[PDB]
């Protein structure tokens, strides 16, 4: 019965993603996020199997919701005359990885390893579901502070996964691969692995490695913090200039630096509590 299934709390944030509100599902008191996007402001449109015109974001979110919990799940959506309203899961207490790094600086490698591992599992889930995120960065990762579990958010720059070339990109430039910069061409998986190398450097160094196009294209990685040789190796592998020189997800997860990861709860007990 209408939107009246939800009680609206404080605004959490607004930007290119729309305006996102804290809220509660009235029926079972479940914490939710309520995201409003103006129709006039949506660029990418898709279609539901049912045969309904929706934002591509809804299509992607629908394809990745299910048992696995590495992605923030879409629970419901509504169409208003001038906007779409999306009902998403809300961990509590929560902090996004960007704010976590801002507050705590470079992460100890054991913590970075646990977080990176969970991000890998989430991205693998997306790809298994036929979805490319295209905007993997610390701002799009939430930490369930109590369970030590990470969750991917914001599929508004996403696309269906395909094996052919992409020639369009609307994600974050400083996380985008040299092939995008030089040629306006990339393939989904190798571009994702590039963004994961930027994210891993970000975790262990406290900031992203590249600010300018020239630095991305040069691809030379300098460490500003003490970082193990194994971790540096993995980062530099993910950041190979030639897309085909980058590791697959299997290769990343089998890397020496990724061995003996902590469980989420263990991570929380050691690093978050």
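Numbering follows the first chain given and starts at 1. Just so we're on the same page, rigid core means the largest C-alpha set that superposes within 1.5 Å between forms.
Fitting each structure in 4 other deposited structures of this protein onto the rigid core and averaging C-alpha distances over structures and residues, 77 to 85 emerges as the more displaced of 77 to 85 and 188 to 196. Relative to the shown model and aligned on the rigid core, the C-alphas in 4 other deposited structures of this protein deviate most, among 210 to 218 and 23 to 31, for 23 to 31. Checked against the record, the higher mean CA B factor of 121 to 129 and 68 to 76 lies with 68 to 76. Stretches 44 to 52 and 28 to 36 differ in mean CA B factor, with 44 to 52 having the higher one. Per the deposited coordinates, the residue with the largest Cα temperature factor out of 212, 242, 233, 62 is 212.
In the PDB entry, residue 20 places in the lowest third of its chain by CA B-factor. In the PDB entry, a CA B factor belonging to the middle third of its chain's modelled residues is recorded for residue 147. Ranked against the other modelled residues of its chain, the C-alpha B-factor of residue 252 as given in the entry falls in the lowest third. When all modelled residues of the chain are sorted by CA temperature factor, residue 246 is found within the lowest third. Residue-level temperature factors show residue 186 in the lowest third of its chain, judged at the C-alpha atom.
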